[PDB]
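One structure below.
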Amino acid sequence: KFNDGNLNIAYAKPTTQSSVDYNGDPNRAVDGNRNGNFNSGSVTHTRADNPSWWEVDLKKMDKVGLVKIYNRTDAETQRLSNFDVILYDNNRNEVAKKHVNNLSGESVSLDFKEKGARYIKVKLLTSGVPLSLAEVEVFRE
Ligand SMILES: C[C@@H]1O[C@H](O)[C@@H](O)[C@H](O)[C@@H]1O
Ligand SMILES: [Ca+2]
């Protein structure tokens with residue numbers, strides 16, 4: 001629930017994703033565990049979807065600052081590439097979007113500067129690539 005003294009508002013929130021494979025249910029990206037080894041149980045996994053995506057629902061409009069996305073680490077790390085992070089309001093209107101080409105480390109940090117949003121979606125832009133996320137943390141600043 002807190003990471004380095006900052007309240008992670010995504011923790012334990014409802015999640016969905018495009019499909020599930022390998023029992024990589026979407027709630028694994030909000031289970032409080034940054035472990036990126038798939039075999040740990042901490043990491044989501046969709047099927048090879050058109051495209052694969054994952055989303056957290058904050059349950060109401062909230063304010064979104066830092067969003068930190070933790071990649072799978074044990075294998076297939078390149079899958080988390082060429083992707084959008086999209087904020088939606090209560091009526092699923094897009095209110096902000098950032099594109100990430102790839103990760104040089106195990107995570108990427110994005111600052112949405114306190115934009116009002118209820119949903120944060122991670123969407124791969126390449127057809128037929130599974131989406132796996134170790135953790136998605138969201139902070140209000
Ligand atoms: C859980 C599995 O891990 C393996 O390393 C991959 O080759 C499979 O595609 C799948 O992601
Ligand atoms: Ca996790």
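Residues in the structure tokens are numbered from 1 in each chain, the chains being A, B, ... in the order shown, and ligands are numbered from 1 in the order shown.
For ligand 2, the protein and nucleic acid residues at most 10 Å away, judged by only C-alpha atoms and all ligand atoms, amount to residues 11, 26, 27, 28, 29, 30, 31, 32, 33, 34, 35, 36, 37, 38, 40, 41, 42, 43, 44, 70, 71, 72, 133, 134, 135, 136 and 137 of chain A.
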- Message: ligand 1: which residues are within 7 Å, counting only C-alpha atoms and all ligand atoms? Reply as a ChimeraX atom specification.
- Response: /A:22,38,75-76
Write a file of the selected residues as a short mmCIF file (atom, residue, chain, number, x, y, z; two decimals), in the first residue's frame, keeping N, CA and C atoms.
```cif
data_model
loop_
_atom_site.label_atom_id
_atom_site.label_comp_id
_atom_site.auth_asym_id
_atom_site.auth_seq_id
_atom_site.Cartn_x
_atom_site.Cartn_y
_atom_site.Cartn_z
N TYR A 22 -1.53 -18.90 -18.57
CA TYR A 22 -0.57 -19.32 -17.57
C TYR A 22 -1.00 -18.87 -16.16
N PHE A 38 8.17 -14.67 -13.37
CA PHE A 38 6.84 -15.19 -13.62
C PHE A 38 6.48 -16.37 -12.70
N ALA A 75 12.30 -13.70 -18.16
CA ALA A 75 12.33 -14.10 -19.58
C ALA A 75 11.40 -13.20 -20.38
N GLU A 76 11.61 -13.18 -21.68
CA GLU A 76 10.73 -12.46 -22.63
C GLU A 76 10.50 -11.03 -22.26
#
```
message: Can you pull out the residues contacting residue 18 (chain A)? Cut-off 7 Å, using only C-alpha atoms, and skip same-chain residues under 5 positions away; I want them as number ranges by chain.
response: A: 46, 49, 52-54
Give me the residues of region 45-83 of chain A that have any atom at most 9 Å from an atom of region 111-115 of chain A; for each, the nearest atom pair and the distance in Å, rounded to one decimal. Use only C-alpha atoms, sort by chain and number, and format it as CSV.
```
residue,atom,partner,partner_atom,distance
A:62,CA,A:115,CA,8.1
A:63,CA,A:114,CA,4.8
A:64,CA,A:114,CA,4.5
A:65,CA,A:114,CA,4.6
A:66,CA,A:111,CA,4.4
A:67,CA,A:111,CA,6.3
A:68,CA,A:111,CA,8.7
```
Write the residues of the preceding selection, restricted to C-alpha atoms, as a PDB file, in the first residue's frame.
```pdb
ATOM      1  CA  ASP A  62      -8.744  10.367  -8.690  1.00  0.00           C
ATOM      2  CA  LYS A  63      -5.567  12.336  -9.413  1.00  0.00           C
ATOM      3  CA  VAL A  64      -2.694  10.553 -11.179  1.00  0.00           C
ATOM      4  CA  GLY A  65       0.915  11.597 -10.703  1.00  0.00           C
ATOM      5  CA  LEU A  66       3.667   8.993 -10.937  1.00  0.00           C
ATOM      6  CA  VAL A  67       2.815   5.678 -12.576  1.00  0.00           C
ATOM      7  CA  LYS A  68       5.557   3.087 -12.218  1.00  0.00           C
TER       8      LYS A  68
END
```
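Between CA of residue 17 (chain A) and CA of residue 55 (chain A) the interatomic distance comes to 6.0 Å.
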Which parts of chain A does DSSP call strand (DSSP E or B) when run on the backbone here, written out as a ChimeraX atom specification? /A:2-3,6-7,15-17,53-71,83-88,94-100,107-124,133-138
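Take the candidates A:80, A:122, A:7, A:87 and check each one against residue 104 (chain A) using only C-alpha atoms; the shortest distance goes to A:80.
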